[PDB]
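Chains as they are written, first to last, in the entry's author numbering: chain A, 239 to 447; chain B, 239 to 447. A virtual CB, placed ideally from N, CA and C, is assigned to each residue, including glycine.
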Ligand SMILES: *[C@@H]1O[C@H](CO[C@@H]2O[C@@H](C)[C@@H](O)[C@@H](O)[C@@H]2O)[C@@H](O[C@@H]2O[C@H](CO)[C@@H](O[C@@H]3O[C@H](CO[C@H]4O[C@H](CO)[C@@H](O)[C@H](O)[C@@H]4O[C@@H]4O[C@H](CO)[C@@H](O[C@@H]5O[C@H](CO)[C@H](O)[C@H](O)[C@H]5O)[C@H](O)[C@H]4NC(C)=O)[C@@H](O)[C@H](O[C@H]4O[C@H](CO)[C@@H](O)[C@H](O)[C@@H]4O[C@@H]4O[C@H](CO)[C@@H](O)[C@H](O)[C@H]4NC(C)=O)[C@@H]3O)[C@H](O)[C@H]2NC(C)=O)[C@H](O)[C@H]1NC(C)=O
Ligand SMILES: *[C@@H]1O[C@H](CO[C@@H]2O[C@@H](C)[C@@H](O)[C@@H](O)[C@@H]2O)[C@@H](O[C@@H]2O[C@H](CO)[C@@H](O[C@@H]3O[C@H](CO[C@H]4O[C@H](CO)[C@@H](O)[C@H](O)[C@@H]4O[C@@H]4O[C@H](CO)[C@@H](O)[C@H](O)[C@H]4NC(C)=O)[C@@H](O)[C@H](O[C@H]4O[C@H](CO)[C@@H](O)[C@H](O)[C@@H]4O[C@@H]4O[C@H](CO)[C@@H](O)[C@H](O)[C@H]4NC(C)=O)[C@@H]3O)[C@H](O)[C@H]2NC(C)=O)[C@H](O)[C@H]1NC(C)=O
């Protein structure tokens, strides 16, 4: 086992907002001292591209090198399902290692977003759970956040996406708030970003009624 | 190179029900045709034990073999946190490989179980989502099922456990039913099995209210 290669996608948010900078990152670890030269070749749908930004090798504490190449992707290319190939050549290798990444193949499907209030039986407790259910989406690349009054609500966790029986995905996000904030009629909102949403955004709010 | 070893815990349900048979599983992959024969030794807190069963092997489509030992464990041994060690010996591998596993450590904490009805917004669809929020539990080993009129309801998916900010875990389980069944006022219940519950079991009901 000479070097190993890991190829990382853009963050889901980066491909959905034109203001952001989506990237694919090709990382090569366990490059030896005896064969330290690394060459990257990058292909987009199998055609070679020359605009990647490759950093100089960095020696790790375990006396091997780590080398990183970063390819900027166009938002619409990623969303049109183009395939990104990183080919890594090194003299310790019997053959160059190739890795490919893309958005998961399939027709995109819009997330249905539903907000659910706390159970009345949780209403004895000091802190209470506000739920956002996001279902029927494809592919599973998605981002979820909570706000109240224009401001990020930081006490939330989101489940990974889960493959549903019809082939789409779902998840839940849980915001935890002090009981009293919920009593006071505060409006909380769950926001979702996904390629199949109009403007890649929807928001759903939830309040005591 | 040679074979490599992966050691797997019992299913949560199996350890919590005395009628069930919990098993620790030692899976050996990359076993070649040229070097075929694998030995297993098994240990429970260092004391060698002798109850253990090798499965008939599988030929993988990469032309390597997949060999499996299965050790039956006592429910209370697993729950009291005893260590299970799998020592794999293959004389075309530099030395014997040992792997060890046990229950996650720390004070078990009781799950809080809340059922949530479908969103008002969801009530215009043909199928609706019944939600069971299970939070505050430790360790993350748990089982969740659904029933109606003492009969299993099978069209559900449960998220993996998620680490909450207090070091406990939560998850959600989603049952999908025909809106018809829901509107007619059928009772549905979410069953939860976890070591910290009395009798390792609780159920919460959900009907049109
Ligand atoms: C020598 O040391 C080096 C360096 O390590 C460092 O130094 C040593 C001495 C120690 O101090 C050590 O602690 C230090 O870290 C060792 O190098 C490591 O080698 C291992 C393998 O041996 C690598 O393991 C893989 O890791 C992947 C995840 O890596 C990320 O997350 C970890 C922590 O969780 C980080 O440490 C990494 O840096 C990676 O972090 C990610 O980096 C991306 C690129 O920068 C980020 O994306 C970019 O981020 C920016 C902003 O941040 C933008 O957003 C960009 O647009 C964006 O692209 C990303 O944000 C960041 N994430 C996080 C969370 O930080 C694992 O994915 C991978 O698992 C796969 O492979 C396994 C087999 O190898 C397999 O078992 C797994 O199942 C998994 O398989 C994949 O599964 C999916 C399906 O689910 C499939 O899609 C894939 O096909 C499939 N892949 C397969 C089959 O290959 C590995 O575990 C490790 O990353 C690496 N470290 C570093 C730092 O590079 C080296 O091992 C040592 N050597 C020896 C001999 O000791
Ligand atoms: C030749 O073929 C075989 C088999 O081929 C495979 O299957 C067939 C049918 C085809 O579809 C193929 O396309 C497919 O490739 C290959 O053998 C595979 O080899 C890899 C390693 O190279 C193994 O990966 C490990 O997997 C375990 C988890 O595996 C479970 O889940 C899999 C589904 O995701 C499932 O396939 C497995 O069978 C297994 O399933 C469980 O099995 C038990 C008993 O049957 C059962 O009770 C469970 O219910 C069941 N569970 C589920 C969910 O299904 C994974 O844990 C390993 O990850 C660790 O190690 C990695 C390094 O390899 C590392 O990157 C990870 O981070 C992780 O590391 C650990 O992390 C923990 C926790 O964080 C930490 O404490 C530790 O420090 C750390 N430990 C270590 C040791 O590092 C790992 O990924 C495959 O299981 C295996 N496939 C099968 C079917 O057995 C073989 O590679 C091929 N060979 C060649 C040369 O090509």
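Contacts with chain A (Cβ-Cβ distance below 9 Å) from the stretch 361-388 of chain B involve 363, 367, 369, 371, 373, listed in chain order. With respect to the C-alpha of residue 414(A), the residue from 264(B), 393(B), 371(B) having the closest C-alpha is 371(B). Here DSSP, grouped into helix, strand and coil, assigns residue 416(B) to strand.
At a cut-off of 9 Å, the C-beta of residue 348(A) has no neighbouring C-beta in chain B. Minimum Cα-Cα distance from residue 291(B) among the listed residues 276(B), 374(B), 284(B), 297(B) corresponds to 276(B). In this structure residue 262(A) touches residue 339(A) by the C-beta definition: roughly 6 Å separates them, less than 8 Å. Close CB contacts of residue 393(B) within its chain, under the 8 Å cut and outside five residues either way in sequence, are with 413, 414, 415 (chain order). Interface criterion met: the Cβ of residue 356(A) is under 9 Å from a Cβ in chain B. Distances from the CB of residue 300(B) to the heavy atoms of ligand 2 include at least one below 8 Å.
The closest heavy atom of ligand 1 lies less than 8 Å from the beta carbon of residue 261(A). A residue is called buried once 16 or more other Cβ atoms fall within 10 Å of its Cβ, and residue 307(A) is buried on that count.
Put simply, the CB of residue 307(A) is far from chain B, with every gap to its CB atoms at 9 Å or more. Residue 403(A) sits exposed, since fewer than 16 C-beta atoms from the chains shown fall within 10 Å of its C-beta. Residues of chain B with a Cβ closer than 7 Å to the Cβ of residue 359(A) are, in chain order, 352. Residues 383, 441 of the same chain have their beta carbon placed closer than 6 Å to that of residue 429(B), with the five preceding and five following residues left out of the count. From the beta-carbon of residue 440(A), no residue of chain B is found nearer than 7 Å; the closest lies around 12 Å away. DSSP, read as helix, strand or coil, puts residue 361(A) in helix. At a C-beta separation below 8 Å, residue 397(B) has these neighbours in chain A: 397, 398, 400, 409, 410.
In terms of Cβ geometry, residue 355(B) and residue 375(B) do not form a close pair [threshold 9 Å].
Around the C-beta of residue 431(B), 16 or more other C-beta atoms lie within 10 Å, and the residue is accordingly described as buried. At a cut-off of 9 Å between C-beta atoms, residue 284(A) does not count as an interface residue with respect to chain B. Residue 296(B) has 304(B) as its beta-bridge partners, per DSSP. One finds 393, 395, 414 in chain B with Cβ atoms closer than 8 Å to the Cβ of residue 403(A), taken in chain order. 368(B) is the residue among 309(B), 368(B), 352(B) whose C-alpha sits nearest the C-alpha of residue 358(B). Secondary structure note for residue 268(A): its beta strand (DSSP E) is the uninterrupted segment 261-269.
Interface with chain B (9 Å Cβ-Cβ cutoff): residue 239(A) is included. Per DSSP, residue 435(A) lies in no beta strand (DSSP E) and is assigned neither H nor E. Setting aside the 5 residues that flank it on each side, residue 273(A) is surrounded in the same chain by 328, 329, 330, each with a C-beta closer than 7 Å to its C-beta; the list follows chain order.
Distance from the CA of residue 248(B) to the CA of residue 296(B), rounded to the nearest whole angstrom, comes to 22 Å.
Around the C-beta of residue 426(A), 16 or more other C-beta atoms lie within 10 Å, and the residue is accordingly described as buried. Residue burial is scored here from C-beta neighbours: residue 443(B) has fewer than 16 other C-beta atoms within 10 angstroms and is therefore classed as exposed. Around residue 301(B), the same chain offers 271 as residues with beta carbons nearer than 8 Å, after the five sequence neighbours per side are excluded. For residue 314(B), the closest alpha carbon among the candidates 280(B), 446(B), 258(B) is that of 258(B). Assignment of beta-bridge partners to residue 384(B) by DSSP yields 391(B), 428(B).
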